[PDB]
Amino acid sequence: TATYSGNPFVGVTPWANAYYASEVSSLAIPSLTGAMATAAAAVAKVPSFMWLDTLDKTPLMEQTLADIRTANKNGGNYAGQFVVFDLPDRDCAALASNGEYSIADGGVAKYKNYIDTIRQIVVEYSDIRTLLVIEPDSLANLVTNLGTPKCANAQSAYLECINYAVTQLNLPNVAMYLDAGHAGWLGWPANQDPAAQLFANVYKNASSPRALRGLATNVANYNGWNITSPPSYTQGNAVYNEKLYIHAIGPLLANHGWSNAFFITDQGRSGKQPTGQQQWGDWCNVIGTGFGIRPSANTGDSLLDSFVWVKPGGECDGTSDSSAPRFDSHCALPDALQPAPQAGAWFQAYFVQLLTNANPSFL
């Protein structure tokens, strides 16, 4: 049951990790009352992805897989879900990056060690199907942000590191999905082909890895999956939702050598449409959002393997504190909820917002 054919989401149930469940029960619930905290308890049972944003997060991955092995040894049929996110000079186009490795200070070698560490864990838990999202906010920058010096200089490192990750994690119990931005980034007509070309090149350059199932879209973003009317901030783009995006880029990938590419789409913060975004490019702790379509493989779509919740709702995108290190001005915009703590830290007011605006509702 660890190995699979076709859609890796079919035949298993994604695991709802203890890490996120702890945050909800210990940081959120003690502050909620009645209907609200009962609804919060339910959110903790919805499976979401765990982010390995630092090397010191790897022991947590092993800990999670141990829990799953027991659950399965205890009759479960669960699969792990993780995000590989520690590229050197990470988020090259961002005003502030929390990435621990730098290309200038042997970041490529450090990244390979990080991948070697993850591989050993996956080989150790060969009995568990592991679903992985590979490096969000990486390759998309190579399509539109080469005008930014940091991205231009990180191009070779990004491609070398991604090749290593994809080849070293190419195992029977693994299913990988390369991050491919979203409709508002690569969905624009002029960006579709250049993007398809790059992703197809990465695939073929890694010798068409069996484990590389396809692409992941809308990660940590808020686009709707199949909304019938275009939000004002999408003006000028015919591809205004994720469904239109994957169906546009799908055939293009085939034209470039990558046939049979499938997709997964983040809907964890897409429940309320339109959102409170004043501009499509606004990504930090956006106001007017809610939990969206629940994770499921019954997508009613030919290209979507599953709806997923990659970015865990409640965990901060970045701080709004100007006197704080790693401060990004995008988190201080009128459509960003404030005050916001450090990236990854629990953001209670944001969690309550998502819970209140949820669709399907939890209340």
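In this text, residue numbers run from 1 along the sequence as written.
- Taking only CA atoms, the mean B-factor in the PDB entry is higher for 271 to 279 than for the other of 271 to 279 and 218 to 226.
- When the C-alpha B-factors of 352 to 360 and 3 to 11 are averaged, 3 to 11 comes out higher.
- Of the candidates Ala94, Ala211, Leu131, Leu139, the one whose C-alpha carries the top B factor in the deposited record is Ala94.
- Among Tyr125, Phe263, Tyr158, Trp258, the highest C-alpha B-factor in the deposited entry belongs to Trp258.
- Annotation for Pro172: C-alpha temperature factor in the middle third relative to the rest of the modelled chain, per the entry.
- Placement of the Cα temperature factor of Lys204 within the chain: lowest third of the modelled residues, per the deposited record.
- Annotation for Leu60: C-alpha temperature factor in the middle third relative to the rest of the modelled chain, per the entry.
- Remark: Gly75 belongs to the highest third of its chain, ranked by C-alpha B-factor as recorded.
- When the modelled residues of the chain are ordered by C-alpha B-factor, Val239 sits in the highest third.
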